[PDB]
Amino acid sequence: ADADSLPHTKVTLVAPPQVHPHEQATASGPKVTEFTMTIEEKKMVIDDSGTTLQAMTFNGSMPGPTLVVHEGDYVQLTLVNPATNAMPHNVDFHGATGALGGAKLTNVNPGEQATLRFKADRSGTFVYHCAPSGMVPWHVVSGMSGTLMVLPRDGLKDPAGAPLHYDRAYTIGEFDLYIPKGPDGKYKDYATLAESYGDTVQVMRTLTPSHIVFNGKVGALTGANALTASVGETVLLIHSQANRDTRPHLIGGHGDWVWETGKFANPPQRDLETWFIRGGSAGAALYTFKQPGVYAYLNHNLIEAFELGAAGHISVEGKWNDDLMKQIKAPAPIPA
């Protein structure tokens, strides 16, 4: 079980909301799984009015990509901070043990890279985020977080030990954003990342976000970018929030099996209407679709969802089942 003598394999990451190909149950023994990520500081448009955010990312996306391994594997990560960036970064994995999650060993300035290895000995969905000494909250709320999923080697199980299987996995990162407003009542636009600092920290101290978005912008998971599924398919919905609580709900569906604290050695709860992800954690839910149609997935503080942006769509094909729900009489004039 000395990692230096195990087989090494390289994985290619994919952008959210997809998750890279992987096995659930596996017959493999432990290995060293190698990953690479590159930091990207960039301005982005987060809404339909042109509001911008001076963002900081892992691999260009919010959230960063999901990494998937099995309990007992070793994660080997090369973190690259290109010289086009202006700030120093690092990475803290909540799934790792020691040295502030690895943040003490991965401090890279622009133009540097570093390589860390850690044993993934605990199963579950865990957050990873940047955490530079003295600038922690700002790097996290500007985009620097993602999920590491450590599956049990035997796959997911229900409370009685029966196997659970998913057909598709989707990853959703939810981000509370603090965009300053100027004296004319409009959101401010900054020329550089450093310029946004001072106004931004003052808005963070009110504890009131201007916007709360799934995957980088208002409406990111709607229209042509909605998630897709069919009747009879089982989906795994991974949800991460690295700084603030959230309470996910699928309108028209449920959480058939949910790990709200996200740790797969504990039994899941069933039939949930709305579950709770603690700020600084990732959780997971399974659902098998039984009816076709458009579904909304959102934070069930409804003001956060519909006024501030934390909502997305799932578009599901198949045949309608009148035994589960039926319109007995359509809307019509009250009888006189």
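So that there is no doubt, residue numbering starts at 1 and follows the sequence shown.
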Between 64-72 and 273-281, the record assigns the higher mean Cα B factor to 64-72
Highest mean C-alpha temperature factor of the two stretches 28-36 and 292-300, which is it?
28-36
With respect to the C-alpha temperature factors reported in the PDB entry, which of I238, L164, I179, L207 ranks highest?
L164
By its CA B factor, does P248 count among the lowest, middle or highest third of the modelled residues in the chain?
lowest
Can you tell me which third, lowest, middle or highest, the CA B-factor of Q54 falls into for its chain?
lowest
Looking at the temperature factor on the CA atom of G312, which third of the chain's modelled residues does it land in?
lowest
Of the three thirds of Cα B-factor ranks in this chain, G223 occupies the highest
Place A83 in the lowest, middle or highest third of its chain's C-alpha B-factors, as listed in the PDB entry.
highest
